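Data block below; observations after.
Only the coordinates and a few stated rules stand behind these numbers; no lab work does. Here the Cβ is made from the backbone with ideal geometry for all residues, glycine too, and neighbour counts use every protein chain on show.
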Amino acid sequence: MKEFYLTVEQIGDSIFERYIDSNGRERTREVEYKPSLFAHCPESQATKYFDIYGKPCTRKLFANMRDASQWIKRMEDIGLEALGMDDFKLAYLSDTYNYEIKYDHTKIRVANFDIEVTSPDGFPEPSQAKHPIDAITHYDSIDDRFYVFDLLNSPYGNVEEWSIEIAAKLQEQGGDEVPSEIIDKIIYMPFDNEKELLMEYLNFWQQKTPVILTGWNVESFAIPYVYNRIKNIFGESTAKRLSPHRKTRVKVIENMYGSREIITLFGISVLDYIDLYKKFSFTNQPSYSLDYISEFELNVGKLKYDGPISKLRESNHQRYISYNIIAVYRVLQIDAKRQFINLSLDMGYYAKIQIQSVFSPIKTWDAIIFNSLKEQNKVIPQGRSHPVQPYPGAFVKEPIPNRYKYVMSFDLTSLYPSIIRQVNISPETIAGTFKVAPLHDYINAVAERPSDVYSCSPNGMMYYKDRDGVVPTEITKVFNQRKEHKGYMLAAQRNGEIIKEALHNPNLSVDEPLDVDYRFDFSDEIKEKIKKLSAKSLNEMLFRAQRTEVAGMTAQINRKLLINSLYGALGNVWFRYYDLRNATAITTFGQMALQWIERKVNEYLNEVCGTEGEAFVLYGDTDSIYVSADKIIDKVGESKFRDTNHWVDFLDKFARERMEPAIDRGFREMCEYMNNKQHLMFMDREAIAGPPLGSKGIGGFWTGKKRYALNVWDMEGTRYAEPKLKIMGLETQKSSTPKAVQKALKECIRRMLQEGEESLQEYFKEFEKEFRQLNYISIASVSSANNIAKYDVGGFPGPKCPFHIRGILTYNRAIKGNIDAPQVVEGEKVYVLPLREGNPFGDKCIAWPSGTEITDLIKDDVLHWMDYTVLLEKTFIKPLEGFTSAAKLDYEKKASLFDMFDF
DNA sequence: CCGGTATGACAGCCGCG
DNA sequence: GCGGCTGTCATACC
C-alpha cells in the first residue's frame with residue numbers, strides 16, 4: 001500500500017495536507033513548499049526545460065510561495081511571460097505523488113449529514129441562523145454508523161426521546177418503517193439543551209473529521225446553518241473548529257439572479273450530492289428535491305407525515321427524528337446505485353487535483369496536461385486574460401415542417417474531440433492562415449484547396465501536419481485509455497461467463513482460487529483447471545471477475561467524461577490553452593462536416609434511386625442527420641414485406657451495406673480536401689423509424705428545429721419488441737404542462753404515428769367530453785416563482801408582470817391575514833389555474849404552492865370559478881394544433897382546408 | 001472559471017378610417 | 001381589435 005493524499009490546502013507560505021500514510025493511518029503534514037516557475041532565456045543557456053513552442057526556459061526555484069507569487073506580479077508589470085504552474089497545490093501534489101495513485105476508499109472518511117430546524121417564521125435563512133438546530137443525523141463511512149443528535153428541549157417544545165423500537169415497526173402499527181438494514185447501526189444520543197448538543201457535535205467532528213462531506217443540499221443550507229449557529233452562540237473561534245486547520249472563508253456566490261453565501265471549510269472536500277447528481281446523472285429532472293430523486297432512483301421516496309414540517313416536532317417528534325434518519329439513508333441508497341463519490345475520487349486522483357475540483361473541467365484538464373508535460377520536461381504557458389467573445393456554434397438545419405413516414409438517423413462519434421485530432425488543433429500548432437471563401441463554397445467543394453502543406457479548417461486556419469499537438473496528443477491518450485479499460489471490462493465479463501458453466505457441477509477441495517488476470521482472456525492451461533477447482537473457490541472467482549468489471553466501468557466512464565469535457569474547457573477564456581481562432585476552427589469545421597455529408601448522402605441516394613435534386617436529408621443538428629427513407633421503400637414496394645420487422649431488416653441492411661460505405665468515402669474526400677493529419681469522421685446508424693406495416697399511422701413529424709416525434713423500432717442494432725416513441729421538444733416533455741395533459745398529448749402523438757387520423761379524432765373528441773371530470777391538480781399548469789416582489793405594487797401586478805406571478809398575487813390577496821394558509825415562496829414551483837371573469841378573487845388567474853392541495857378556506861370558490869374552456873385551449877388544443885398542422889392531419893372531423901393559407 | 005442553438009407563453013407597443 | 005413586432009421569462013437538450 002503506497003500512500004495517497006486526502007486534502008491539500010494553501011495557507012500563507014505553507015501547504016497543509018491530509019493524507020493516508022504507508023501504514024494506512026490518517027495524518028496531517030505542514031510543508032513549507034518550495035515552488036518552481038520559469039522564464040524565457042537566451043539560446044546560449046543550456047537547459048532541459050522548453051515551453052510548448054520549443055523555446056528554451058530557465059528554472060526559477062523560490063524560497064517560499066509568496067515570493068513566487070510576487071515574482072509573477074513583477075513579470076506582468078514588465079510585460080514578460082511567467083511560465084509554469086501558478087496554482088501551487090497542483091504542483092505540490094504532482095511533486096509529492098509522481099506515480100499512478102492507487103487509493104483505498106475504506107480509509108477515506110466520507111460523511112453525509114442532514115439537519116432539522118423547526119421554524120414558525122418560514123424558511124430559516126442559513127446566514128442568520130435565528131432558530132435552534134433540533135436534530136442532526138451524521139453518517140460516517142468508516143464506522144458504518146448513523147449518529148443521531150436529538151434536541152429534547154427548545155423554545156418550540158419539550159419532547160419525549162425517540163424510540164428505535166417504534167421506529168422499526170410497520171406504518172400500520174404506528175411505526176416509522178426505518179429499514180432493518182440500518183436499525184442496528186443507529187447511535188442515538190438525546191440532549192437537554194442546544195448548547196450541549198452543538199458542543200457534543202463539535203467534539204465528535206474533531207474525533208471523526210470528514211475528508212469528503214456530502215448530503216442533499218449540504219453546501220447551501222446544512223453547512224452554513226451549523227457554522228453560523230455555532231458562530232452566533234459561541235463565537236467565530238469555536239465555529240472555525242469545524243475546519244481541521246481552523247481556517248474558513250465566507251464565499252458569496254453571485255448567481256445571475258441574486259446572491260447566496262457558502263462557507264469554505266479548509267481541509268475538507270465538500271461534494272454536495274445535489275450538484276454531483278446534476279453533474280453526472282445526465283438526466284434532466286423537473287424537480288431536484290430529494291423526494292423526487294429518491295422515488296426516481298429507488299421507487300420509495302422520502303418519509304411521509306401529517307401537517308406542516310414546522311409543526312412536526314411538536315405533534316410527532318417520533319416521525320420527525322425518523323424522517324431525518326431516512327433522509328440521510330436515501331442519499332446513501334442513491335450513491336449505492338450511481339456511485340458518484342467513487343467517480344469523483346477516481347477522477348480526482350487521476351488528474352491529481354483536490355477532489356471538489358471534479359466540478360471544474362478547466363482545473364481537471366489543466367492538471368492532466370500539466371502533469372504529462374512535466375514528465376517530458378516541458379513548461380506550461382502562463383494563463384492569459386481574454387475578452388469573452390461569442391463565436392459560431394453548431395449548425396442546425398431548418399426542417400420543412402411535415403410528416404415523415406420512414407426515417408433513418410446517423411451520428412458522428414465524438415465530433416469535437418475527433419475534429420481536434422483530425423485537424424491537429426492546438427495553440428503551438430498554428431501554422432498560418434488562408435483566404436477564406438464562403439462556407440457554402442467549401443461545402444460544395446467549389447472553393448480552391450486551402451493548402452498543400454498544412455492541415456486546415458474552413459475558418460481560415462492552418463496547422464502543422466508533422467508536429468504532434470499538445471492538445472491532440474493528450475486527448476488521444478484518454479481515447480486509448482478508454483479502449484484499454486473497456487478491453488479489460490469485456491474480458492472480465494466473458495471470464496465470468498466460463499465460470500458460470502463450472503457453477504453447475506463443482507467438486508470440493510481445500511484450496512484457494514488460482515492466480516489469474518481477468519483483464520485478459522484465459523489460456524488453455526487455465527481453462528483445463530476450471531472444472532477441477534472447488535465450489536467455494538468458484539464463487540470467489542465469480543466474485544473477483546465481477547470486481548474486475550467494476551474497476552473497468554469507473555475508469556472508462558471517467559475517461560468518457562473527460563473526452564466530452566475538453567471542448568468546454570477549450571471554449572473558456574479562463575483556460576490556459578484557449579485560443580479564440582482555434583475554438584471557432586473546431587465549430588466551423590463541424591458545421592462543414594455535417595453539411596458536406598448531407599450533400600454526399602443526398603447525392604448517393606438520388607443516383608441510387610434514379611431521381612435527381614430530391615432532398616433526402618430532412619434534418620440535422622450538430623453531429624446527427626435524419627434521412628427520409630420513403631423512396632427507398634417505394635423502390636421495393638411496401639406490399640412486398642411480410643411484417644414490420646421485414647422492412648426494418650431491409651433498412652438496417654441498406655444502411656450498413658450501401659450507405660455507410662458511401663459516407664466513409666465521402667468524409668475521406670473531405671479529409672484530403674482540407675489536407676488533414678488523419679481521417680476521424682466516423683458515422684454510426686442510430687434510429688430506424690416508421691409506422692406499423694399495414695397501419696394508417698404516419699410514423700413521424702417535425703414541427704420545427706428541435707421539435708419532432710418518431711415511432712422507433714430499432715436503435716443502433718437493438719430491435720424493440722414494441723415500438724418506442726422518441727419525442728423531442730414537444731409539450732409532452734415539458735414540466736409546465738399539466739399532468740393529465742402530458743398524458744393526453746402523448747396518447748395523441750401515439751395515435752398519430754401508430755394508428756392514424758381517425759384514431760386521433762376519436763380520442764380528442766372523448767378527452768374534450770371528459771375534461772371536466774379530471775382532477776383539478778392533474779389539469780393545472782406548473783411554473784417557477786422568480787421575482788415576485790419586482791412586479792408587486794401594493795399587492796397588485798405591475799408593468800410587464802408575467803401570468804403566473806399575477807396568479808400568485810391573486811392568491812396572496814385571498815389568503816392575506818391567514819397564517820396557517822400555505823405561503824408562496826420565492827424560487828419555488830406553483831400550480832396555475834385560469835379563472836372565469838367576474839370571480840370574487842382579484843384576477844384572471846390564481847396560483848398556489850405545487851405538490852399540495854389548495855387551502856379549504858378557498859378551495860370551493862377556486863373549483864367554482866375555474867375556466868375550463870381557457871385551460872383546455874391553452875394547455876391542450878393549441879399545442880395539438882401545432883402537431884397536427886405540421887403533420888398535416890385534422891384532430892376534428894370537419895375542419896376547413898383554407899385555414900392553412902396566409903390570406 | 002461548480003452556457004450555445006433552440007421554441008413557446010405572455011406583456012406591451014404600433015399602425016389602422 | 002388584431003397581426004407584427006420586441007422583450008422578459010420559462011424550459012429543453014447535445
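Miscellaneous remarks
- Debye intensity ratio I(q)/I(0), log10, the stretch A:772-816, q values 0.17, 0.19, 0.25, 0.33 Å⁻¹ (C-alpha model): -0.54, -0.63, -0.88, -1.20
- Bridges between two residues of the stretch A:107-339, per DSSP, are antiparallel at a rate of about 65%.
- The stretch A:722-795: proportion of alpha-carbon pairs further apart than 14 angstrom, %: 69 percent
- Here the stretch A:400-512 was treated as a single set of alpha-carbon atoms; its pair distances binned every 5 Å from 0 give 2, 9, 11, 11, 11, 10, 9, 8, 8, 6, 5, 4, 3, 2, 2, 0 percent.
- For the stretch A:282-341, the normalised intensity computed at q = 0.16, 0.28 Å⁻¹ comes to -0.57, -1.17 (log10 of I(q)/I(0), Debye sum over alpha carbons, equal scatterers, no solvent).
- Counting every C-alpha pair in the stretch A:1-47, the share spaced more than 11 angstrom apart comes to 73%.
- Kirkwood Rh and Cα Rg combined as Rg/Rh, the stretch A:782-865: 0.92
- Extension gain, A:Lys279 to A:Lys894, is 216.4 nm, computed as 0.36 nm per intervening residue step minus the present C-alpha separation.
- Kirkwood hydrodynamic radius computed over chain A comes to 32.5 Å, based on all pairs of distinct alpha carbons.
- The mean of 1/r over all distinct Cα pairs in the stretch A:269-390, once inverted, gives the Kirkwood hydrodynamic radius of 17.8 Å.
- Using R0 = 56 Å, the C-beta based FRET efficiency linking A:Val31 and A:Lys500 works out to 0.65.
- Distance between modelled label sites at A:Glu722 and A:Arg384, nm, 7 Å Cα→Cβ extension: 6.0 nm
- Restraint check, A:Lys374/A:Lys477; A:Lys739/A:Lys769; A:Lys337/A:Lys743, Cα-Cα greater than 24 Å: A:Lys337/A:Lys743
- Mean Cβ count within 10 Å, highest first, over the residues of peptides A:382-390, A:599-607, A:733-741: A:733-741, A:599-607, A:382-390
- The stretch A:566-676 - convex hull of the alpha-carbon atoms, volume per residue in Å³: 129 Å³
- Once both labels are positioned 7 Å from their Cα atoms along Cα-to-Cβ, the gap between A:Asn564 and A:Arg836 label points is 5.0 nm.
- Residues A:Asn158 and A:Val396, FRET efficiency given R0 of 56 Å [Cβ-Cβ distance, rounded to 0.05]: 0.30
- Projected area averaged over orientations for the stretch A:101-215, convex hull of C-alpha atoms, nm²: 9.5 nm²
- Ordering of A:292-305, A:359-372 by burial proxy (mean other Cβ atoms within 10 Å per residue, highest first): A:359-372, A:292-305
- Alpha carbon centroid spacing (whole Å) that separates the stretch A:361-410 from the stretch A:166-208: 48 Å
- With a Förster radius of 45 Å applied to the beta-carbon distance between A:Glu540 and A:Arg656, the computed FRET efficiency rounds to 0.60.
- When the alpha carbon gyration tensor of the stretch A:107-339 is reduced to an equivalent ellipsoid, the three semi-axes, largest first, read 25, 22, 18 Å.
- Ratio of Rg to Rh for the stretch A:1-95: 1.07 [Cα atoms; Kirkwood radius as inverse mean 1/r over pairs].
- A:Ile142 paired with A:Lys435, simple spin-label distance in nm, labels 7 Å along Cα-to-beta-carbon: 7.1 nm
- Whole-percent P(r), the stretch A:352-407, all Cα pairs, 10 Å bins from 0: 15, 25, 23, 14, 15, 7, 0.
- Full extension of the chain between A:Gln678 and A:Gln823 yields a length gain of 46.0 nm, computed as 0.36 nm times the residue separation minus the alpha carbon distance.
- Straightening the chain between A:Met1 and A:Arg338 buys 118.6 nm, computed as 0.36 nm per residue apart minus the Cα-Cα spacing.
- Cα point-scatterer Debye curve for the stretch A:464-578, base-10 log of I(q)/I(0) at q = 0.09, 0.19 Å⁻¹: -0.40, -0.95
- Loop-located GluC sites (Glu not before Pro) in the stretch A:58-155, at most 13 other Cβ atoms within 10 Å (DSSP): A:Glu100
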